[PDB]
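Take a look at the letters that make up each chain.
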Amino acid sequence: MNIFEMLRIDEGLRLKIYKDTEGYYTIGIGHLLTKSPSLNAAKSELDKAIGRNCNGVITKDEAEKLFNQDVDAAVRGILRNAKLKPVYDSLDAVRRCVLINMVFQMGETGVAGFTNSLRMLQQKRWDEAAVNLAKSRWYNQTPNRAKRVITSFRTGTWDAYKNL
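Residues numbered from 1 in each chain as written, not as in the entry; some residues may be left out. Heavy atoms only, no water.

Structure determination for this entry, per the PDB record, employed X-ray crystallography and reached 1.8 Å resolution.

Pasting the structure below:
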């Protein structure tokens, strides 16, 4: 299991513009297009992102390209962020993927806000950190995904995804 497979499980693949869990216009593998209520705004962002007139629809290849970009941008974001970098550097391979999953979903800024949890992961207090992470809007809103993530940090293995 790797970061792409893991995110492909959590986000799904959709080749037509759709609304995410929060109501935002999204495409492919969790690629947010716009927070704007306008489907047109969305289709506009899409064409700009793909470089073609897509009329709200993309190909598998195009979804994967956006996916490649997104994951890269997530890793680079972590590496450039003063709060995240040290956490990431302190973690093992599996847990690093897990942090990436969070950043892909909620953005750098969003994860960097989880001060206490970050500190606990840094300290390798797995159980404590799992309980702290569970006390969030994130968890309450997407509990099945959050639980997979939390369990992954908890055990440091891919069991939660070997199911799926």
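Next comes the rest of the account.
J.: Help me get a handle on the packing of aromatic side chains, residues and values and all.
T.: In total, this model carries 4 aromatic pairs according to the counting rule given. Plain terms: the ring middles of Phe 4 and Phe 67 are 5.3 Å apart, the flat faces sit at 80° to each other, and that makes the pair edge-to-face. Taken together, the positions of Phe 4 in helix α1 (residues 3-11) and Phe 67 in helix α3 (residues 60-80) put the pair 63 residues apart, joining distant regions of the chain. Overall, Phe 67 belongs to the buried group, its relative accessible area being 6%. Ring geometry for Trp 158 versus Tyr 161: centroids 6.4 Å apart, planes at 80°, classification edge-to-face. You can call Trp 158 buried: its relative accessible area is 11%. Among the aromatic residues, those joined into a cluster by ring pairs are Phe 4, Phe 67 and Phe 104. In this arrangement the basic side chain of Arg 14 is found over the ring face of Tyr 18, its NZ or CZ atom lying 4.0 Å from the centre. It is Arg 96 that lies over the ring of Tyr 88; its NZ or CZ is 5.2 Å from the centre. (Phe/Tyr/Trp six-rings, centres within 6.5 Å; stacked < 30°, edge-to-face > 60°. Helix = DSSP H or I, 4+ residues; strand = E, 2+ residues; numbered from the N terminus. Buried < 20%, exposed > 50% of the residue type's maximum accessible area, 1.4 Å probe, protein only. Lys NZ or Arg CZ within 6 Å of the ring centre and 35° of its normal.)

J.: Kindly report on α1, identifying the contributing residues and their values.
T.: Among the residues making up α1, those that are buried are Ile 3, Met 6, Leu 7 and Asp 10. The buried residues of α1 occupy an angular sector of 90° when the element is viewed end-on, so they sit on one face. In the core, the buried residues of α1 are packed alongside α3, α5 (93-112) and α9 (143-155). Where α1 begins, the capping side chain belongs to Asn 2, and its oxygen is found 3.0 Å from the backbone nitrogen of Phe 4. Immediately beyond the C-terminal end of α1, within one or two residues, lies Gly 12, with a positive phi of roughly 75°. (Arc of directions from axis to C-beta. Contact = heavy atoms within 4.5 Å. Polar contact = N/O pair within 3.5 Å; in protein donor to acceptor, adjacent residues only side chain to side chain.)

J.: Residues and numbers for helix α2 (residues 39-50), please.
T.: Compared with the 16 Å implied by 1.5 Å per residue over 12 residues, the 16 Å span of α2 between its first and last C-alpha is a close match. Listed as buried for α2 are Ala 42, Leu 46 and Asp 47. Projection of α2 onto a plane perpendicular to its axis shows the buried side chains occupying an angular sector of 135°, all on one side. Along α2, exposed side chains directed more than 90 degrees from the buried face belong to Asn 40 and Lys 48. (Expected span 1.5 Å × (residues − 1).)

J.: Any details on the pairing of strand β3 (residues 31-34)? Residues and values, ideally.
T.: Bridge count between strand β2 (residues 25-28) and β3: 3 bridges; the pairing is antiparallel. In the strand pairing of β3, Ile 27 is matched with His 31. From the end of β2 to the start of β3, which pair antiparallel, there are 2 residues, and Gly 30 there has a positive phi angle of about 60°. (Pairing = 2+ DSSP bridges.)

J.: I'd like a rundown of the layout of surface pockets, residues and numbers included.
T.: Estimates place the volume of the largest pocket at around 1100 Å³. For the largest pocket, the lining is made up of 34 residues, of which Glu 11, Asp 20, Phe 104, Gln 105 and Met 106 are closest to its centre. Counting only elements with at least two residues in the lining of the largest pocket, the list comes to α1, β1 (14-19), β3, α3, α5, α8 (137-141) and α9. Take the lining of the largest pocket: its biggest share by element is 7 residues, from α5. Taken together, the residues of the lining of the largest pocket break down into 11 nonpolar, 11 polar and 12 charged. (1 Å grid on protein atoms, 1.4 Å probe; cavity = no way out; pocket = protein on both sides within 12 Å on 5 of 7 lines; lining within 4 Å. Points joined across faces, edges and corners; volume = space filled by probe spheres on them. Nonpolar A, V, L, I, M, F, W, Y, C, P; charged D, E, K, R; others polar.)

J.: Give me the nonpolar core: which residues, what numbers.
T.: Ranked by internal contacts, the top residues of the largest apolar core, which has 39 residues, are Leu 99, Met 102, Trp 138 and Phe 153. No other element matches the 10 residues that α5 contributes to this core. With near-sequence residues (within four places) excluded, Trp 138 lies in contact with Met 102, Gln 105, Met 106, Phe 114, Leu 133, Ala 146, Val 149 and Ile 150. Core analysis: the second largest hydrophobic core is formed by 10 residues, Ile 27, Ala 42, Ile 58 and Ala 63 among them. (Core = buried A, V, L, I, M, F, W, Y, C linked by side-chain atoms within 4.5 Å.)

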